[PDB]
Amino acid sequence: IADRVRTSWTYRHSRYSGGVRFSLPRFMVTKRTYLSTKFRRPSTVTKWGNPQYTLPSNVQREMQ
Amino acid sequence: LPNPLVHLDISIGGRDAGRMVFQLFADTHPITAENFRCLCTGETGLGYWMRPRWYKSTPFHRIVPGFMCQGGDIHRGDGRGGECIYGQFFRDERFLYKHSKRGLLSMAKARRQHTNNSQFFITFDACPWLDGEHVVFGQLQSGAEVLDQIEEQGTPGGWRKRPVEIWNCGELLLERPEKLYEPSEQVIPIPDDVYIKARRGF
Amino acid sequence: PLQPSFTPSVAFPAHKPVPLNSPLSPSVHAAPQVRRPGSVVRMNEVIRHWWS
Amino acid sequence: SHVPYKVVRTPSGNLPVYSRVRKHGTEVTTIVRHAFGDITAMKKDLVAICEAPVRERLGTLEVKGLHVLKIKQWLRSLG
Amino acid sequence: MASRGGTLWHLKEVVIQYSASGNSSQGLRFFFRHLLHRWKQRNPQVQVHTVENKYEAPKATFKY
Amino acid sequence: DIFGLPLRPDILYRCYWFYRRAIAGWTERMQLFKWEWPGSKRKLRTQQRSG
Amino acid sequence: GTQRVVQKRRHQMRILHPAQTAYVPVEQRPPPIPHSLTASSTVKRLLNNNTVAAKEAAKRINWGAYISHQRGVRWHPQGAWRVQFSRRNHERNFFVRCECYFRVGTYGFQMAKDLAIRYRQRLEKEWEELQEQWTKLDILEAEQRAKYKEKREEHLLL
Amino acid sequence: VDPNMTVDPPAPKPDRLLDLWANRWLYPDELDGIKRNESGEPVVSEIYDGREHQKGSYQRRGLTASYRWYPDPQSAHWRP
Amino acid sequence: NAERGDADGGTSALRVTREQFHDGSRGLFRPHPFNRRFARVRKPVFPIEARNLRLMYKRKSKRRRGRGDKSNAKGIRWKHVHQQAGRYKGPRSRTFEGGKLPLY
Amino acid sequence: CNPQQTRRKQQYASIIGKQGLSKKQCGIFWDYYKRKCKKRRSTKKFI
RNA sequence: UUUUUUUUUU
RNA sequence: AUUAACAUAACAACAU
RNA sequence: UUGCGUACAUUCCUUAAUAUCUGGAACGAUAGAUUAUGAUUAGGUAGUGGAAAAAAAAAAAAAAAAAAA
RNA sequence: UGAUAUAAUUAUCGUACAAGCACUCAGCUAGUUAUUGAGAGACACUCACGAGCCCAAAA
């Protein structure tokens, strides 16, 4: 809760402890099974995730 | 009190060029003025490196015709050096004056913000684009024939044709450029002296 | 908008007090009110003050 | 009255205010009990008066430092 | 996202499974009354469907 | 003074739990010790001539 | 049973007691000094040092300039005026947290103050207006709902 | 690439300052509740013009015409 | 008095009904706090039940020794390495001082 | 204190959230599932 | 039945 | 009827 | 003479602070949506402290919730 | 094909390394407990009442 941990004498009660802040980046990681990419990447995708081709342009056009 | 009047003797290729005289703006730039005057007079002793903080026998590492000429390095004399009386670096000052005159003095800066040192440079022509980036604290009063000769030793690449070094320094014992804005009084709740006193126990 | 099909309903501003005369005033100086099982005062204050 | 809060006296006829000493005589504070009404304003008043911080416990009002006398006399004026 | 000059979207269908009695679905329930209608209008290019399930935790599935 | 008091769940917590714990009584859940089992006391493998 | 004896101190044949003060009624209470001032070092040392030089410097120091007669405007040890305006709205999904700062080195001691004041004043009104619009929006929504229900009943009647 | 290009205009003046600190821009429907004077400008403008308070503030939110950095002499932002 | 609506778009003396709670039929949906179903916060306060009672303060948790290295438990190494293994951790006395005579 | 408990919990969790499960279907969890269903049916009981 | 019970008080 | 360790088989691969 | 290679930016983006003193004794409040130039920060054995989780069992609160059916 | 890299664990001043255990997997297995204790300048949570608090065993 709150923005930060209050260390002031005003806030030293047992009622001020606990809780967790919301975080989008962290929510898609916490409590989620991990999946490896090895032996899973298609031929249509480059190393950096960019689209990849599997046919000459000439052929592509002809069969389009 | 009257402003300081420092002088510099330049030697081009081992030949006595002349003697230039500058006037420092102590009134407006006390700290800045003080720094330069102490370095010129050499009344502070050694430094970090056990070296004397004196401009005597220092080369000019940069001479660009029509733009400016840099110098003041005491450590190496190449450019990658400098040391103020206060230490390594000192905080900047209010940008009051512009760069619209020939012979104006101003401190140098490093990649960082607050990197002011002994390193200064004399402007050869108006430099509007330099406004706000540098602090102006001095003005040439006499000896433009020496600056004219010095300008001849520069190149577009910042090269030097002949050696240029300061022979002798010292202080003489006996119109201003444009302004960026209009200074006005301010409310000073905490006295200045208090800041000093705080650092010693009180 | 000027002439709706019904009388709109809106509560008192939560960022302001309430008249004492109103039955919904949890203030100590509130006027007497004859209530019955099921009567609840403005919870804005009550929830904030769960012990007083 | 001009106060949004009131204080209830003890059966014996005493104000609900006491002291508190903890950590081998190194944390001395005051305790206020039996507080009704608008306590948010009360805390402001207290802090203002005492020139000391105020903590809001679970059914009790603590104030830093010993201000028992001050509190008592303040309360008596209000009635 | 935008593609080909903003004439092509990726997101197609969104299915949301919630419950009408579970406490954990309170947020979803709330959402379904205040922001659902408001959200839908802004994104007419995306189909939204809801599925009621009593004895099952809520979730959401996305189709691209 | 009975029906017009502040709502204090904190107190109720304790009050509620009290009765519940009381109701429990005595539980017979018990586990046996090493010595409570029926067995001997002699060793099984002496240190010499057997790694 | 067991006995719990408390320790006591003796001094000049008198039982030493902690410091205590009486109550002094005041008709009007002046504003306090901002706490933020203490976050610096000049005042911190002043306070931590109990000496005649400190006590003399205190007198000279002008404390009245840092006081602001405006909610939401405060002093910062950074040498600025901080503007605070925090509000939440779950119904409309709107949350605002102003963290505006007015630097002294840019404008001045008084200019910054004034500016900050103005900014907070502005924000107040803005918020007010937004609320007033939300009410009419709600009303409109209600009306549309009612008309849709009537149209639905029409089909059942058909 | 047009050699006859002109310098970009200054920073704009938004009508509402709440959007600067809010988590989302106000919708058109919500913007309808904006009070205006006879001149057509917001009435609120009298209190405060709404000028930039810090260097590189509006640029962070993307209210600027274009993005610029230190290398660009036209730029104005905090530098370490 | 205190019953007008004072709407935007100039001035309008539109009468309104002041109700703390509503069904949304004529305005904004304002459910009562007397229902966990309709609650926005996981941990309500007002609704009284056998399943809602709270301490209003965090409670200390258990800490078992010898449960992972990363755990916030007490020391485990010191107890084993740098310590007397005698089942007493010293003489079976109450006034022991290390050879020297006790205080008394 | 082992991999086995994780498999049992995962299995359990996969069937708990359903209705109309037979005895032959439930398996070892039949008792648990019956208790769950009876517990659930408690809310529908009136005076 | 156990513990506590001001050293101040015009 | 039944998890792992362990045992065998089928399919999948070409900038070689 | 004039040169050049090189280890480490919290410039950019995303997190964290529990032995009374980081602004915060601020703001908000129907129970906190994470501060955009914000200061100090975040290597660690022994020892000490804070916090989040561990699919289960019990409880006589698993239908006042848009649209659709 | 190019570049780069000294299984893990405990003790120890010492990554100590040619020292001690382990082929692999399955099941079991090592800080348990205050009707009797506690805040003691190396760290001590919280509720009620208040110059007053608790009430033991029968019931």
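No lab work stands behind these numbers, since they all come straight from the coordinates. Every residue, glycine as well, gets a Cβ built from its backbone with ideal geometry; the counts of neighbours run over all protein chains shown.
List of remarks:
- In region F:40-51 there is at least one residue that is among the charged types (D, E, K, R) and at positive phi.
- Selection of region J:1-19 for residues being more than 8 Å from RNA strand M (Cβ to nearest atom) and more than 11 Å from the chain's Cα centre (by Cα) yields J:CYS1, J:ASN2, J:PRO3, J:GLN4, J:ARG7, J:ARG8.
- So J:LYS18, is it surrounded by 10 or more Cβ atoms within 10 Å (Cβ to Cβ), within 16 Å of RNA strand N (Cβ to nearest atom) and not small (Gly, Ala, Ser): no
- Selection of region E:46-64 for residues being part of a strand (DSSP E or B) and within 15 Å of E:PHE31 (Cβ to Cβ) yields E:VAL48, E:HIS49, E:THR50, E:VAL51, E:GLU52, E:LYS59, E:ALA60.
- Test: residue in region D:31-43 that is farther than 25 Å from C:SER27 by Cβ and either surrounded by fewer than 12 Cβ atoms within 10 Å (Cβ to Cβ) or within 16 Å of RNA strand K (Cβ to nearest atom) (or both): no
- Filtered by the rule that a residue be under 33 Å from the mean Cα position of the chain (by Cα) and more than 7 Å from every other protein chain (Cβ to nearest Cβ), region I:1-22 gives a lone residue, I:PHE21.
- Unique residue being within 9 Å of chain I (Cβ to nearest Cβ), surrounded by 15 or more Cβ atoms within 10 Å (Cβ to Cβ) and either within 21 Å of I:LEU28 (Cβ to Cβ) or over 15 Å from the mean Cα position of the chain (by Cα) (or both) when the list is C:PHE12, C:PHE6: C:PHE12
- Region B:165-202, subset out of contact with any helix residue (DSSP H, G or I) (no Cβ under 6 Å at 6 or more places or on another chain) and among the small types (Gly, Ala, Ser), residue farthest from the other protein chains (Cβ to nearest Cβ): B:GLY170
- Taken across region G:109-122, residues that are of a type in the set (D, E, K, R) and in contact with a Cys (Cβ under 9 Å, 6 or more places away or on another chain) do occur, with at least one present.
- Matching residues in region B:91-109 - criterion: being closer than 21 Å to B:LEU147 by Cα and either among the basic types (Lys, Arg) or assigned to a loop (DSSP other than H, G, I, E, B) (or both): B:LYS98, B:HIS99, B:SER100, B:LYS101, B:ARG102, B:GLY103, B:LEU104, B:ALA108
- In region B:57-78, residue surrounded by the most Cβ atoms within 10 Å (Cβ to Cβ) [restricted to those that are in contact with a strand residue (DSSP E or B) (Cβ under 7 Å, 6 or more places away or on another chain) and under 24 Å from H:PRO71 (Cα atoms)]: B:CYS69
- Matching residues in region C:15-52 - criterion: being in a loop (DSSP other than H, G, I, E, B), within 9 Å of the chain's Cα centre (by Cα) and among the hydrophobic types (A, V, I, L, M, F, W, C): C:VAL18, C:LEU24, C:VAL40, C:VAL41
- The sole residue among B:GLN139, B:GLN149 that is part of a strand (DSSP E or B), in contact with a strand residue (DSSP E or B) (Cβ under 9 Å, 6 or more places away or on another chain) and of a type in the set (S, T, N, Q) is B:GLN139.
- Candidate set from region J:21-38 (those that are within 12 Å of another protein chain (Cβ to nearest Cβ) and within 11 Å of RNA strand M (Cβ to nearest atom)); member that is surrounded by the most Cβ atoms within 10 Å (Cβ to Cβ): J:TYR33
- Helices (runs of 4 or more DSSP H) within chain J that include 2 or more residues under 30 Å from I:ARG67 (Cβ atoms) and more than 16 Å from RNA strand L (Cβ to nearest atom): J:3-16
- Subset of region F:8-51 that is within 26 Å of the chain's Cα centre (by Cα) and of a type in the set (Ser, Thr, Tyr) - its residue that is surrounded by the fewest Cβ atoms within 10 Å (Cβ to Cβ): F:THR27
- Filtered residue count, region H:46-63, keeping only those that are more than 9 Å from every other protein chain (Cβ to nearest Cβ), closer than 17 Å to G:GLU126 by Cα and either part of a helix (DSSP H, G or I) or over 16 Å from the mean Cα position of the chain (by Cα) (or both): 1
- So H:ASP15, is it assigned to a loop (DSSP other than H, G, I, E, B), away from RNA strand M (no atom under 16 Å from the Cβ) and farther than 25 Å from I:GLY9 by Cβ: no
- Selected residue (criterion: nearest to D:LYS64 (Cα to Cα)) from residues of region A:1-43 that are of a type in the set (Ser, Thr, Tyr) and surrounded by fewer than 10 Cβ atoms within 10 Å (Cβ to Cβ): A:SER8
- Residue in region G:58-73 that is away from chain H (no Cβ under 13 Å) and touching a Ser or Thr at 6+ places or on another chain (Cβ under 6 Å) present: no
- Qualifying positions in region I:11-29 - surrounded by fewer than 16 Cβ atoms within 10 Å (Cβ to Cβ) and of a type in the set (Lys, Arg): I:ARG15, I:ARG18
- Consider region G:1-25 and keep the residues that are under 20 Å from D:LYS44 (Cα atoms) and away from RNA strand M (no atom under 16 Å from the Cβ). The one that is nearest to the other protein chains (Cβ to nearest Cβ) is G:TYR23.
- Test: E:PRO58 is within 14 Å of chain J (Cβ to nearest Cβ) and not hydroxyl-bearing (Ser, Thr, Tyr): yes
- The residue that is farthest from C:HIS49 (Cα to Cα), counting only those in region C:17-39 that are surrounded by 11 or more Cβ atoms within 10 Å (Cβ to Cβ) and among the hydroxyl-bearing types (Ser, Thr, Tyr), is C:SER22.
- Residue check: I:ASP8 meets all listed conditions (1) under 23 Å from C:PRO23 (Cβ atoms); (2) of a type outside the set (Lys, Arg); (3) in contact with a helix residue (DSSP H, G or I) (Cβ under 6 Å, 6 or more places away or on another chain) but one, namely (1).
- Any chance E:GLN45 is within 14 Å of chain J (Cβ to nearest Cβ), more than 10 Å from RNA strand M (Cβ to nearest atom) and either more than 30 Å from J:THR43 (Cα to Cα) or surrounded by 11 or more Cβ atoms within 10 Å (Cβ to Cβ) (or both): no
- Criterion (within 14 Å of chain H (Cβ to nearest Cβ) and either in a loop (DSSP other than H, G, I, E, B) or crowded, with 20+ Cβ neighbours inside 10 Å (or both)) met by exactly one of B:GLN88, B:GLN113: B:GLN113
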